[PDB]
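Reading through the structure tokens given below for one structure.
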Amino acid sequence: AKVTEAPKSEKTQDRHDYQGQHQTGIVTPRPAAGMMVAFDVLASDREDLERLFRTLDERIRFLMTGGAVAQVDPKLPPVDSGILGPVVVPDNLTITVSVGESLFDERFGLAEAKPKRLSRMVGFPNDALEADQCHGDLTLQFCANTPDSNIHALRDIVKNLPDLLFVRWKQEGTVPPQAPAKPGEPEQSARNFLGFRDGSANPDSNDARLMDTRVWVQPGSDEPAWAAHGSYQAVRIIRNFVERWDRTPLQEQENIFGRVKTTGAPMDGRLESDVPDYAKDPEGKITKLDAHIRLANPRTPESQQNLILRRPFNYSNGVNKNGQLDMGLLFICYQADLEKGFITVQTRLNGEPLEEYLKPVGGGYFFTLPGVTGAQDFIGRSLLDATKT
Ligand code: HEM
Ligand SMILES: [Cl-]
Ligand SMILES: [Cl-]
Ligand SMILES: [Cl-]
Ligand SMILES: [Cl-]
Ligand SMILES: [Cl-]
Ligand SMILES: [Cl-]
């Protein structure tokens with residue numbers, strides 16, 4: 001009724017189990033709001049590094065559950081920012097912790113336990129990387145139903161870790177919610193800021209064995225033993241030239257991607273779940289040879305080792321000086337091998353016709369730590385236990 005009255009939400013009690021073999025926020029169903037924040041660790045020794053991960057585990061445990069946060073002593077600063085009121089609600093919140101290559105340098109003595117393919121992001125030919133938006137010691141992926149819940153969670157982290165963490169860069173994004181599909185039917189993949197369904201050909205996140213071979217680091221693999229059940233995280237802040245894209249004919253938009261815009265169907269199919277048959281189209285008349293999906297996934301037995309699980313968000317910043325809207329895709333994908341995953345796929349995508357409307361400006365390579373298995377475990381414990389003494 002009244003203007004400033006808060007909107008009503010029925011999803012404030014949405015929750016996800018923080019514990020598990022894997023961290024949440026990868027195979028977890030993606031909510032409407034996301035945020036990636038990169039940090040630099042200011043720990044002076046191993047004692048401070050241990051306190052950082054223990055404090056991170058304690059705060060994420062509470063933020064992903066909720067509880068009373070009213071400061072009963074007004075002489076002290078409030079324990080909570082108060083954005084969600086005196087009682088914190090979960091609101092589908094998940095926080096995923098990933099570490100970068102710079103965390104495994106001379107500073108912290110973790111160099112021995114570095115994952116094999118964890119490296120520093122090198123600029124691709126179409127890139128225009130901004131130094132203040134790249135790399136970092138650590139990333140925290142915030143995902144919730146609303147951006148305010150993510151901001152409240154980021155407020156909590158920096159309030160409880162003001163000296164051990166330095167905020168490097170951040171990017172918030174959303175995905176457009178849709179009306180519920182027919183009862184018992186799967187929803188469509190959310191659309192990006194280019195108007196296309198994004199995530200249709202993603203590998204089945206419900207297929208556990210497929211996620212074990214392509215997304216999750218398996219025990220017994222060549223990676224260090226502590227890194228089992230982890231995953232490589234690739235972040236790319238890609239700017240969309242939306243004015244020139246909206247001037248492009250629809251047939252050109254679909255030829256560039258290889259998918260019908262409205263239905264999300266391939267050039268030789270009818271449904272979004274359909275996949276193209278490149279064996280029947282060797283010369284690329286139905287699906288162009290330089291199409292986005294054809295270059296990213298040629299659908300050969302060798303290309304199967306390059307599958308990636310994408311989890312992007314649509315981000316929108318301000319406006320530049322010549323009048324163009326600064327908006328694009330917060331690209332996030334996960335893979336058991338970063339070199340085999342995003343790095344090989346992006347190498348195939350170098351020179352694609354989609355680059356006419358793309359401009360990557362930030363991001364980095366990080367390794368998502370394995371999940372917290374029990375109450376006596378905490379995030380990064382297996383990494384700290386692998387580098388003891
Ligand atoms: C920058 C690195 C990117 C990588 C590594 C990547 C990777 C992929 C992969 C693996 C697929 C699956 C294709 C298939 O299996 O047939 C795909 C499809 C697709 N991508 Fe990307 N992509 C990137 C950037 C983008 C950007 C910037 C957009 C902007 C709109 C985009 C939009 C799409 C669309 C619409 C599809 C088809 C729907 C789908 O199958 O998800 N991609 N991409
Ligand atoms: Cl699990
Ligand atoms: Cl601190
Ligand atoms: Cl932002
Ligand atoms: Cl549909
Ligand atoms: Cl500018
Ligand atoms: Cl312990």
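Labeling convention for the structure tokens: chains A, B, ... as they appear, residues from 1 per chain, ligands from 1 in order of appearance.
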Give me, as a CSV table (one decimal) with N, CA, C and O atoms, in the first residue's frame, all polymer residues having an atom no more than 6 Å from residue 361 of chain A, counting only C-alpha atoms and skipping those fewer than 3 positions away in the same chain.
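To be explicit, this is the file written out as part-v6.csv:
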chain,number,residue,atom,x,y,z
A,128,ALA,N,40.5,-7.3,-23.8
A,128,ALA,CA,41.0,-6.0,-23.4
A,128,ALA,C,41.0,-5.9,-21.9
A,128,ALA,O,40.2,-5.2,-21.3
A,129,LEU,N,41.9,-6.7,-21.3
A,129,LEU,CA,41.8,-7.0,-19.8
A,129,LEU,C,42.2,-5.7,-19.1
A,129,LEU,O,43.2,-5.0,-19.4
A,130,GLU,N,41.3,-5.4,-18.1
A,130,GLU,CA,41.6,-4.3,-17.1
A,130,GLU,C,42.3,-4.9,-15.9
A,130,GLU,O,41.8,-5.8,-15.3
A,237,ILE,N,34.7,-11.7,-17.3
A,237,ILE,CA,33.8,-10.6,-17.4
A,237,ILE,C,33.8,-10.1,-18.8
A,237,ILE,O,34.7,-9.4,-19.2
Fewer than 6 positions away in the same chain doesn't count, so skip those; otherwise give me all residues within 6 Å of residue 363 of chain A, counting only C-alpha atoms, as a PDB file with N, CA and C atoms, in the first residue's frame.
ATOM      1  N   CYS A 134      41.239  -8.266 -12.696  1.00  0.00           N
ATOM      2  CA  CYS A 134      41.771  -9.577 -13.029  1.00  0.00           C
ATOM      3  C   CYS A 134      42.502 -10.179 -11.836  1.00  0.00           C
ATOM      4  N   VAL A 235      36.571 -17.514 -14.515  1.00  0.00           N
ATOM      5  CA  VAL A 235      35.716 -16.334 -14.473  1.00  0.00           C
ATOM      6  C   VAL A 235      36.134 -15.402 -15.601  1.00  0.00           C
ATOM      7  N   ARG A 236      35.154 -14.915 -16.360  1.00  0.00           N
ATOM      8  CA  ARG A 236      35.405 -14.002 -17.470  1.00  0.00           C
ATOM      9  C   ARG A 236      34.307 -12.952 -17.497  1.00  0.00           C
ATOM     10  N   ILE A 237      34.682 -11.694 -17.280  1.00  0.00           N
ATOM     11  CA  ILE A 237      33.752 -10.574 -17.373  1.00  0.00           C
ATOM     12  C   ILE A 237      33.784 -10.096 -18.822  1.00  0.00           C
TER      13      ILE A 237
END
With only C-alpha atoms and all ligand atoms counted and 7 Å as the cut-off, give the residues of chain A in contact with ligand 1, each with its shortest interatomic distance in Å and the pair that gives it, as JSON lines.
{"residue": "A:192", "atom": "CA", "partner": "ligand 1", "partner_atom_place_in_ligand_line": "30 (C)", "distance": 5.7}
{"residue": "A:193", "atom": "CA", "partner": "ligand 1", "partner_atom_place_in_ligand_line": "30 (C)", "distance": 6.6}
{"residue": "A:194", "atom": "CA", "partner": "ligand 1", "partner_atom_place_in_ligand_line": "30 (C)", "distance": 5.1}
{"residue": "A:196", "atom": "CA", "partner": "ligand 1", "partner_atom_place_in_ligand_line": "35 (C)", "distance": 4.8}
{"residue": "A:197", "atom": "CA", "partner": "ligand 1", "partner_atom_place_in_ligand_line": "35 (C)", "distance": 5.3}
{"residue": "A:198", "atom": "CA", "partner": "ligand 1", "partner_atom_place_in_ligand_line": "41 (O)", "distance": 4.2}
{"residue": "A:199", "atom": "CA", "partner": "ligand 1", "partner_atom_place_in_ligand_line": "41 (O)", "distance": 3.2}
{"residue": "A:200", "atom": "CA", "partner": "ligand 1", "partner_atom_place_in_ligand_line": "40 (O)", "distance": 3.9}
{"residue": "A:201", "atom": "CA", "partner": "ligand 1", "partner_atom_place_in_ligand_line": "40 (O)", "distance": 3.7}
{"residue": "A:202", "atom": "CA", "partner": "ligand 1", "partner_atom_place_in_ligand_line": "41 (O)", "distance": 6.0}
{"residue": "A:236", "atom": "CA", "partner": "ligand 1", "partner_atom_place_in_ligand_line": "1 (C)", "distance": 6.6}
{"residue": "A:238", "atom": "CA", "partner": "ligand 1", "partner_atom_place_in_ligand_line": "27 (C)", "distance": 5.9}
{"residue": "A:257", "atom": "CA", "partner": "ligand 1", "partner_atom_place_in_ligand_line": "35 (C)", "distance": 6.2}
{"residue": "A:259", "atom": "CA", "partner": "ligand 1", "partner_atom_place_in_ligand_line": "37 (C)", "distance": 6.2}
{"residue": "A:264", "atom": "CA", "partner": "ligand 1", "partner_atom_place_in_ligand_line": "38 (C)", "distance": 6.9}
{"residue": "A:275", "atom": "CA", "partner": "ligand 1", "partner_atom_place_in_ligand_line": "16 (O)", "distance": 6.8}
{"residue": "A:292", "atom": "CA", "partner": "ligand 1", "partner_atom_place_in_ligand_line": "19 (C)", "distance": 6.4}
{"residue": "A:293", "atom": "CA", "partner": "ligand 1", "partner_atom_place_in_ligand_line": "13 (C)", "distance": 3.8}
{"residue": "A:294", "atom": "CA", "partner": "ligand 1", "partner_atom_place_in_ligand_line": "16 (O)", "distance": 6.0}
{"residue": "A:296", "atom": "CA", "partner": "ligand 1", "partner_atom_place_in_ligand_line": "10 (C)", "distance": 4.8}
{"residue": "A:297", "atom": "CA", "partner": "ligand 1", "partner_atom_place_in_ligand_line": "15 (O)", "distance": 4.7}
{"residue": "A:307", "atom": "CA", "partner": "ligand 1", "partner_atom_place_in_ligand_line": "10 (C)", "distance": 6.1}
{"residue": "A:308", "atom": "CA", "partner": "ligand 1", "partner_atom_place_in_ligand_line": "10 (C)", "distance": 5.8}
{"residue": "A:329", "atom": "CA", "partner": "ligand 1", "partner_atom_place_in_ligand_line": "27 (C)", "distance": 5.9}
{"residue": "A:331", "atom": "CA", "partner": "ligand 1", "partner_atom_place_in_ligand_line": "1 (C)", "distance": 6.6}
{"residue": "A:342", "atom": "CA", "partner": "ligand 1", "partner_atom_place_in_ligand_line": "5 (C)", "distance": 5.0}
{"residue": "A:345", "atom": "CA", "partner": "ligand 1", "partner_atom_place_in_ligand_line": "5 (C)", "distance": 5.1}
{"residue": "A:346", "atom": "CA", "partner": "ligand 1", "partner_atom_place_in_ligand_line": "5 (C)", "distance": 4.8}
{"residue": "A:358", "atom": "CA", "partner": "ligand 1", "partner_atom_place_in_ligand_line": "27 (C)", "distance": 6.3}
* Can you tell me, as a list in words, what residues are no more than 8 Å from residue 369 of chain A when counting only C-alpha atoms, ignoring any on the same chain fewer than 6 positions away? ->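 The filter keeps residues 23, 97, 98, 99, 227, 229, 230, 231, 379 and 380 of chain A.
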* Asked: DSSP on the backbone: what in segment 34-230 of chain A comes out helix (DSSP H, G or I), as a PyMOL selection string?
  -> chain A and resi 46-63+101-104+111-113+131-133+147-160+208-214+225-227
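If you measure from each of A:321, A:117, A:311, A:359 to ligand 6 using only C-alpha atoms and all ligand atoms, the closest one turns out to be A:321.
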Once you count only C-alpha atoms and all ligand atoms, what closest atom pair and distance in Å to one decimal does each residue of chain A within 9 Å of ligand 3 have, with rows by chain and rising residue number, as a Markdown table?
| residue | atom | partner | partner_atom_place_in_ligand_line | distance |
| --- | --- | --- | --- | --- |
| A:42 | CA | ligand 3 | 1 (Cl) | 8.6 |
| A:43 | CA | ligand 3 | 1 (Cl) | 8.6 |
| A:48 | CA | ligand 3 | 1 (Cl) | 8.6 |
| A:51 | CA | ligand 3 | 1 (Cl) | 8.7 |
| A:52 | CA | ligand 3 | 1 (Cl) | 7.5 |
| A:158 | CA | ligand 3 | 1 (Cl) | 8.4 |
| A:159 | CA | ligand 3 | 1 (Cl) | 8.5 |
| A:160 | CA | ligand 3 | 1 (Cl) | 6.5 |
| A:161 | CA | ligand 3 | 1 (Cl) | 3.9 |
| A:162 | CA | ligand 3 | 1 (Cl) | 4.5 |
| A:163 | CA | ligand 3 | 1 (Cl) | 3.6 |
| A:164 | CA | ligand 3 | 1 (Cl) | 4.3 |
| A:165 | CA | ligand 3 | 1 (Cl) | 7.0 |
* **Distance criterion (only C-alpha atoms and all ligand atoms): nearest to ligand 4 out of A:93, A:327, A:118, A:234** =>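 So, comparing all the options, the nearest one is A:327.
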* Asked: Which residues form the shell of 12 Å around ligand 6 when you count only C-alpha atoms and all ligand atoms, given as number ranges by chain?
  -> A: 317-326
* Report as a list in words which protein, DNA and RNA residues come within 8 Å of ligand 4, using only C-alpha atoms and all ligand atoms. => residues 35, 170, 171, 172, 173, 315, 316 and 317 of chain A
